[PDB]
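One structure is given below, encoded as C-alpha cells.
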Amino acid sequence: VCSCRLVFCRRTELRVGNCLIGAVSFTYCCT
Amino acid sequence: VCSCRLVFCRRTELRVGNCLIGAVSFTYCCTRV
C-alpha cells in the first residue's frame, strides 16, 4: 500500500515518486 | 482511502492532486467523507 508522506518514507517503504498537492511536492511511498 | 488513477477520479472521489511516478502524471484521488 502507498502513502503520501511529508519528507521521508518509512524503513518498510521505498520512494516511488512525488504526490503534488496544491503546488507542494510531497513524497509518494509504497511498501 | 486515496489512490493514483489514470486521467480521472471516480465519481464519489475528490481530486486532490497528482502522483508523479516515472514519466507519468497520474491523478491523486481520495474517497469522499
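The numbers used for chain A are those of Swiss-Prot, and the residues that appear cover 64-94, in sequence.
When the header is checked for method, it gives X-ray crystallography, 1.7 Å.
Note: Cβ is positioned from N, Cα and C throughout, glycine not excepted.
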Bond partner of A:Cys82 - disulfide, per Swiss-Prot - picked from A:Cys65, A:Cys67: A:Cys67
Member of A:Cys65, A:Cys92 annotated by Swiss-Prot as disulfide partner of A:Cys72: A:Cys92
Disulfide-bonded residues (A:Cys72, A:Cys82, A:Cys92, A:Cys93) in Cβ proximity to chain B, threshold under 8 Å: A:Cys82
